[PDB]
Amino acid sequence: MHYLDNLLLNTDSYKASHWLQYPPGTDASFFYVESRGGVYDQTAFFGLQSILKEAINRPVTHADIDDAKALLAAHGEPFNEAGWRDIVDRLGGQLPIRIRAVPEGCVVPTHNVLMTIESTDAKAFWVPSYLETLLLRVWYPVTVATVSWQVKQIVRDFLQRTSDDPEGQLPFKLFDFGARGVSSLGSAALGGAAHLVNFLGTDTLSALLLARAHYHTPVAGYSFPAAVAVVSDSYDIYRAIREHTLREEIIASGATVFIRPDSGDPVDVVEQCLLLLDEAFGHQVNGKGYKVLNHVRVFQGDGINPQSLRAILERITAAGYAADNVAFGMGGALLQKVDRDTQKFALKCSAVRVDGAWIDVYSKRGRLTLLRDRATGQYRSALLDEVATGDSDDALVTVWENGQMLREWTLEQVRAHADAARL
């Protein structure tokens, strides 16, 4: 934990010597962050707040410069000792950058400006590029939140078709079990938090801690206890029904027994357990005309991904069973099987000021922002010189400037913005 407490060493090695590459007379730089495309056409922005709280949690000190100058020397990189000491002494160790971003939770289509980073000091103009490495890692919470959100839209579709209470049923249909299948503890926390943007169920306790620490939400999610959750193979409802009357506390305690298989094809086993359970406890028909099992539910934790989950939901509703009957769990397929290429996540330089003049660097160019249309709500990237010309708002807000986080969200605010977005 404490051995990583040096912001000056939280970058790519070649960044320590990057300021020497600028043309003479540079005094400002402007960067933006976009998803160039990939699996989905829209991304739920989330995570930057957690990143800034943890990666930039205190002013840079002279001890930071001392330790970094030593290592980077031995490591093989020139290090701007003058510029960093100037930041500690002149700017009080507060990074001279301004970060604007779309509110965390908003779902924005790809190829659009999600963040902008701009230097606020002429001497330390190079600080944005230095911070590119740790800021670009916002791809991960963004990408996980998008996955959990895209899955939410699949279940919302089927609940709306087959459930008498879709929006009540929905927040408990995806549980994150990915703590063991993720690359590190911090990734479990942050990534697990990205899932909590869309659902209330998670077994990643580390997501609870980060949500409370970085988003002011004490108990952001709930979980499943087992021993009512019970494990099975699919062929034990097959057995215990007609090779018996284990209707012992199931009907007597009146509890909701969640039957979870762990073997078989994710689509077939779910339909099998539904049918078997229907022949063991009966069912009732809701207002939509779909059957809802009595007491028993099915939980599928194995083999769930967005495509296999849609397959399951298609099969069971065509059989006449409401989406209320099942719930899903995703583990590694939610927190680990994603990368920066999944949504083609980039941080691009768009503008530098050289000799008092801004010049374009080149997909998008110049000093940019995100606009939201007042009537339709649709998004489009545009230049800062275009916020004046009125049936449009600047969709970004300054969240961080010169050491002070200017805008914070609660996880409930984030959940609100994600839940309003559909499709």
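In case it trips you up, residue 1 is the first one in the sequence shown, and so on.
- Missing coordinates between residue 362 and residue 363 amount to 10 or more residues of the deposited sequence.
- The entry models residue 244 and residue 245 with a gap of 1 to 3 deposited residues left without coordinates.
- Stretches 184 to 192 and 162 to 170 differ in mean C-alpha B factor, with the higher average recorded for 162 to 170.
- When 252 to 260 is weighed against 265 to 273, 252 to 260 comes out higher, by mean CA B-factor as recorded in the entry.
- Taking only the listed residues 73, 122, 330, 280, the entry reports the highest CA temperature factor at 280.
- Highest CA B-factor among 84, 199, 126, 235, as stated in the entry: 235.
- Sorting the modelled residues of the chain by their CA temperature factor places residue 407 in the highest third.
- For residue 94, the recorded CA B-factor ranks within the middle third of the chain. Only modelled residues enter the ranking.
- Residue-level temperature factors show residue 371 in the middle third of its chain, judged at the C-alpha atom.
- Among the modelled residues of the chain, residue 38 sits in the middle third by CA temperature factor in this PDB entry.
- Annotation for residue 106: C-alpha temperature factor in the lowest third relative to the rest of the modelled chain, per the entry.
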